[PDB]
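The structure appears right after this line, and notes come after that.
Where a number appears in this text, it was derived from the coordinates with a stated rule and is not lab data. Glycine gets a Cβ as well: all are built from the backbone with ideal geometry, and neighbour counts include every protein chain shown.
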Amino acid sequence: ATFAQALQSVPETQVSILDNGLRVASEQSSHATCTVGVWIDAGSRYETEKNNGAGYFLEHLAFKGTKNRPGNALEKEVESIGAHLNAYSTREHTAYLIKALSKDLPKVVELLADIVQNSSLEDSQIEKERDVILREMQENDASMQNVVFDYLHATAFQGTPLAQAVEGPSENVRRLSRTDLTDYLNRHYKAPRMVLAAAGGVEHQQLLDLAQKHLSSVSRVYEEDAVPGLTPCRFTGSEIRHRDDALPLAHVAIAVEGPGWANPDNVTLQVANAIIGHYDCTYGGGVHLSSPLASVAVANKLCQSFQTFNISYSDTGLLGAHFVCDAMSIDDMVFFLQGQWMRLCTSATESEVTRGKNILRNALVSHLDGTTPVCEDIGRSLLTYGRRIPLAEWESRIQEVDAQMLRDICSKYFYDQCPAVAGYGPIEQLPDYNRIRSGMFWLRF
Amino acid sequence: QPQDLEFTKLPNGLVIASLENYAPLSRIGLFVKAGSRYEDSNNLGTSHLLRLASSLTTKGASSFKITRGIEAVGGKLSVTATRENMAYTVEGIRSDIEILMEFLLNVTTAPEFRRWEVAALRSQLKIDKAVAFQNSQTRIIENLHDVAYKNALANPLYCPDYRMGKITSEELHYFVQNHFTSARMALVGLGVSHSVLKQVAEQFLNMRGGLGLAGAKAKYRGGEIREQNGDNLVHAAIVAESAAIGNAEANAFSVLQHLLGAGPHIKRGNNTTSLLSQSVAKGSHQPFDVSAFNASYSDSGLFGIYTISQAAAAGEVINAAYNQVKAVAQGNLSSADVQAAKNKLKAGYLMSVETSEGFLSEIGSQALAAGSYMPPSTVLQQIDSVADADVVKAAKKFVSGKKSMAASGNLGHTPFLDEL
Amino acid sequence: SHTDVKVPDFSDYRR
Amino acid sequence: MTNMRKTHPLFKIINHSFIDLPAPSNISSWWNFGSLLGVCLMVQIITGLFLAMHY
Amino acid sequence: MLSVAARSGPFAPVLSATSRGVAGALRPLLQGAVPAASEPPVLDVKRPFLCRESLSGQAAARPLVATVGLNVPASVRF
Amino acid sequence: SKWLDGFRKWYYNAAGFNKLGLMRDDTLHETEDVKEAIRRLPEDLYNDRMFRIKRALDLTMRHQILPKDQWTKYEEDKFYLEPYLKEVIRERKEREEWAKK
């Protein structure tokens, strides 16, 4: 069967709006289970540096008891049915999701009603969550990848609320109080900025009725008439390096500014990442991998690993690479990476563009398997693009690219640009800004 | 479209199963009953090198041809290995997947196994064993399996230290020619018609010895191994023999495992419904994690307690968990708690088949285990057909049985088997 | 804590 | 693929002595006189060639 | 018969360890030298577990599964 | 084929590398394909090849040859490196076909 009607037979996401502006989206499948979640676009971009650890510590406190269900009641109600409860918070989103069976759908929508609306906070609970979140920051300090991405976010978005981390600093955690969490939850948890998403064996009318029963109490009116607007952040080409020579391996991330969510060009840039790919020391391909950077990394024994990333935020983003390697290769590997980027400016052919198109097709269909990633895609699509883009539209956008437009978008976004460099480990051979900036343009043209 | 998983038993024992998902992506799996449990003391670590040597040169496609073709079409090739069986999975879009299958079949049918390729790949064996041993739970459970079984299940998944540098291609050829027989394979497919599976199944797989080697029946040993590596946390796994797969008491052991705690349900939760976690939380005042470890195999099984705790507080955690299981053993439980454990087990089983990877994994496991596809509703009513008397019997079997302990960390205060 | 650090203000040098 | 600047038999000498040679950051202008001395010697020889080949 | 080196006949220099701080006049029989020992590969820094909340789920409950991919990193399922 | 057989025997005798105790495959120029085919050899054939090369080197250092009784005869000349070499050209031509496409 041809891929087009294979994509067409996937059911469409159904989206409805309540009276308060709350968005309700559901996707039906043949599965016996379901995943129901709440997505609120309230992250560290909206925190004004007096509440830098508000969202992370609030989602720490969200499952420790509500108003009607104190302490062990909600966890006993959600664990007696075998449901799994998860939450996370990015720099622009905040998600509370539950995986459960299809029978217990009124129970799960009632629980997601009373978690995000009637959360109860207490002094012993807030102090024990304070020492828990301090120990969690202490144990997350030793993972080098999160440190390098936090350094890159700090040095790429200086003077803007996109630099500050999701967890926040230790001083703001030590100085946070009940009233800051209360009014942050009051001004940031509003119905027009809320999506209730569901994926799996779900009836849309039943969940719409239950959402009208439970989620129709939001107090969406501006209490202080303070509209939180999205200030456009500026990408600053800079370089942060954390030299510490007792670490065994060095992590270096190099990233230029991305277009954003609304620009379709990142889709083309996605194909560019599918040209460059990724490599680990545990890959079974060996030497004959199609990516030239991976082949020269295994052929010359350069890296422990490298990975190409494209993070997108509202009107901005970071597109680049991250590699962990020993010290004595770092400079050399940087050169190879830059050469590959400039190949995407000039020597893009039909073969690697077609291979990147096929890899991106397999990535965007294979990721949306199971209820949880489909529900995640639904929530992030209704929060970022404002609608759920169908996968046939993704295929139509993927098929439209060729080597000419891929190489001119790569010349638009990589050629003669100022990158952002973050490093951690034995990074003495990591070059200055001048060598990297000179290497991000060829002299032959 | 969700109508049926069509099932076929070829007369040479070759199991075929396929479903017409009408999916955008087609997945083809080949499940071979030739895991690490079928070695002996002479060719240890051959399964690990065979798992790594799946991507080598075959008779029909070179390794360059295999890697460049699979990466050019965008498909995914993976080898999943456990103690019982191995599985080869390939994933692609619906059009090209046909040629992808012959790539997959070459990996199973005619490996060339050149000497210089495995000579280069032994370093890959070393680095992959180091990455797998970066976690400590792998080392605990492999030392535990080395303790518990006399033979045929004490062989580790990964290569021993002495074996690296002495595995030749003759051992791999012997392993394939006497373990990859046609009556020990299940070819399963999602998003593909059954006639194509029939064509591939008779056109590549129809020349084999037929049965291969039998095994060594997995005799139980018991005992304890304690190692001193000076970590900040102490791991301790204390198990005993349980019911094997296919028994009526394996479901009782699964219900007992979910009753005593089988993983969290809430991120940053307290796990109050688990009895072991609440008993240790009543006991200690330090970070910990206690769960129940179960493992069902062809002729034997293991069930016990896994505890990770502090250095000086390991004895109190171990003793509190053991007294909780002992208090369970003479029947101190409620039917509502058993119902909650049954609901947790049913929810976890239904969540295990959400993705196509787990669905194909359990379909291949059932096709290699009993040779018959069993629908999930019958599995759910089999789960509900256990009583709390069987859970009490399983707890008493664990309490009165001979023990097998694997321990690591600062063991200055960790107890022994006679101290429990 | 790695979240405790942030870049200094480069306002006297930036354009 | 190999780096041309680090594997060439003639260019590793010139980059190890000229390009990736690590030098102190806080060097003032005085050390630059040493480099001036070198090129001063060169132009002397050049003028010296012009003081012999026509004369 | 104390001084168990004199009590244990063949296993006298096995139960006891002899170290010389200053080399004597007589050179010892069976001098011995190490060969080139193989070095372990370099890995990353392990994630520490300092709180009870991040320790949840780190105890195994089901047997080991090792997955090796072609362009997929090698994964371990507890 | 008596015309070709006798001429091949005479050309093997007059080539001169049998007088220093070499096989045919020792005389090949070591390109990257020949070095890769050498790298794929078993250890015993490898050790035989390097001993024969060293014997050739210190035989032509003295400007001497082997005695006539232990010259490399035509019937015992074994083409040991030939199938590995053919395999190496097969993989290299397949790689250049994949790079062309």
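A few points about this structure:
- Some residue of the range A:96-118 being out of contact with any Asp or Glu (no Cβ under 8 Å at 6 or more places or on another chain) and under 30 Å from residue A:233 (Cα atoms): yes
- Annotation note: of A:339, A:386, the sole residue that is of a type outside the set (S, T, N, Q), in a helix (DSSP H, G or I) and either closer than 30 Å to residue A:248 by Cα or free of Cβ contacts under 8 Å to residues at least 60 places away in the same chain (or both) is A:339.
- Considering residues of the range E:55-78 that are more than 14 Å from chain A (Cβ to nearest Cβ) and part of a strand (DSSP E or B) only, the residue surrounded by the most Cβ atoms within 10 Å (Cβ to Cβ): E:65
- Restricting attention to the range B:96-117, the residues that are among the small types (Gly, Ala, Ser) and part of a helix (DSSP H, G or I) total 0.
- Complete set of residues in the range B:385-417 that are surrounded by fewer than 14 Cβ atoms within 10 Å (Cβ to Cβ) and more than 13 Å from residue B:227 (Cα to Cα): B:385, B:387, B:389, B:400, B:402, B:417
- Residue A:38 vs. criteria hydrophobic (A, V, I, L, M, F, W, C) and farther than 21 Å from residue B:268 by Cα: no
- Matching residues, the range B:82-97, being closer than 28 Å to residue B:132 by Cα and of a type in the set (A, V, I, L, M): B:86, B:87, B:90
- Top-ranked residue of the range A:54-69 - restricted to ones that are under 14 Å from residue A:188 (Cα atoms) and either out of contact with any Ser or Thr (no Cβ under 6 Å at 6 or more places or on another chain) or among the hydroxyl-bearing types (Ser, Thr, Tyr) (or both), ranked as nearest to the other protein chains (Cβ to nearest Cβ): A:56
- Residue A:365 within 14 Å of chain B (Cβ to nearest Cβ) and in a helix (DSSP H, G or I): yes
- Selection count where residues are aliphatic (A, V, I, L, M) and under 21 Å from the mean Cα position of the chain (by Cα), scope the range B:169-182: 1
- Condition check for residue B:367 on (1) crowded, with 21+ Cβ neighbours inside 10 Å; (2) more than 8 Å from chain A (Cβ to nearest Cβ); (3) outside any helix (DSSP H, G or I): one failure, at (3).
- Residues in the range A:326-339 that are surrounded by 20 or more Cβ atoms within 10 Å (Cβ to Cβ), within 21 Å of residue A:275 (Cβ to Cβ) and not aromatic (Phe, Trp, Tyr): A:333, A:334, A:337, A:338.
- Some residue of the range A:212-219 being part of a loop (DSSP other than H, G, I, E, B), within 23 Å of residue A:314 (Cβ to Cβ), in contact (Cβ under 8 Å) with a residue 24 or more places away in the chain and of a type in the set (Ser, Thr, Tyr): no
- Considering only residues in the range A:161-206 that are β-branched (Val, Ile, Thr) and more than 14 Å from every other protein chain (Cβ to nearest Cβ), the one that is nearest to residue A:44 (Cα to Cα) turns out to be A:182.
- Hey, residue B:101 among the aliphatic types (A, V, I, L, M) and more than 10 Å from every other protein chain (Cβ to nearest Cβ) or not: yes
Conditions tested, residue by residue: (1) away from chain A (no Cβ under 14 Å); (2) touching a residue at least 12 places away in the same chain (Cβ under 8 Å).
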{"residue": "B:30", "(1), (2)": "yes, yes"}
{"residue": "B:34", "(1), (2)": "yes, yes"}
{"residue": "B:42", "(1), (2)": "yes, no"}
{"residue": "B:54", "(1), (2)": "no, yes"}
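- When each of E:27, E:20 is tested for being within 25 Å of the chain's Cα centre (by Cα), in a loop (DSSP other than H, G, I, E, B) and more than 12 Å from chain A (Cβ to nearest Cβ), the lone residue that passes is E:20.
- In the range B:345-364, the residues that are assigned to a helix (DSSP H, G or I) and of a type in the set (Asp, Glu): B:357, B:362
- Selection from the range B:124-138 of residues that are within 16 Å of residue B:51 (Cα to Cα) and more than 9 Å from chain E (Cβ to nearest Cβ): B:124, B:125, B:129
- Across the range B:56-95, the number of residues qualifying as among the basic types (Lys, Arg) and either in a helix (DSSP H, G or I) or within 14 Å of chain A (Cβ to nearest Cβ) (or both) comes to 4.
- In summary, residue A:298 fulfils each of the numbered conditions (1) part of a helix (DSSP H, G or I); (2) surrounded by 22 or more Cβ atoms within 10 Å (Cβ to Cβ); (3) among the β-branched types (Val, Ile, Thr) with the single exception of condition (2).
- Considered as a group, the residues in the range B:14-27 that are within 14 Å of chain A (Cβ to nearest Cβ) and aliphatic (A, V, I, L, M) include one that is surrounded by the most Cβ atoms within 10 Å (Cβ to Cβ), and that residue is B:19.
- Candidates are the residues of the range F:62-85 that are assigned to a loop (DSSP other than H, G, I, E, B) and of a type in the set (S, T, N, Q); the one that is nearest to residue F:33 (Cα to Cα) is F:72.
- Residue check, residue A:372 over 14 Å from residue A:7 (Cβ atoms), surrounded by 19 or more Cβ atoms within 10 Å (Cβ to Cβ), of a type in the set (S, T, N, Q) and out of contact with any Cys (no Cβ under 8 Å at 6 or more places or on another chain): yes
- For the range A:1-103, the helices (runs of 4 or more DSSP H) that sit wholly inside it and include 1 or more residues that are free of Cβ contacts under 8 Å to residues at least 12 places away in the same chain and surrounded by fewer than 18 Cβ atoms within 10 Å (Cβ to Cβ) are A:3-8, A:73-79.
To keep it simple, each residue is scored yes or no on (1) small (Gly, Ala, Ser); (2) in contact (Cβ under 8 Å) with a residue 24 or more places away in the chain; (3) within 30 Å of residue A:432 (Cα to Cα); (4) away from chain C (no Cβ under 14 Å).
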{"position": "A:208", "(1), (2), (3), (4)": "no, yes, no, yes"}
{"position": "A:241", "(1), (2), (3), (4)": "no, yes, yes, no"}
{"position": "A:245", "(1), (2), (3), (4)": "no, yes, yes, yes"}
{"position": "A:262", "(1), (2), (3), (4)": "yes, yes, no, yes"}
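- All of A:324, A:374, A:401 fail the test of being of a type in the set (A, V, I, L, M) and assigned to a helix (DSSP H, G or I), apart from A:374.
- Selection within the range B:195-216 - under 29 Å from residue B:93 (Cα atoms) and crowded, with 17+ Cβ neighbours inside 10 Å: B:197, B:200, B:201, B:204, B:205
- Scanning the range B:225-266 for residues that are within 10 Å of chain E (Cβ to nearest Cβ) and surrounded by fewer than 20 Cβ atoms within 10 Å (Cβ to Cβ) yields a count of 2.
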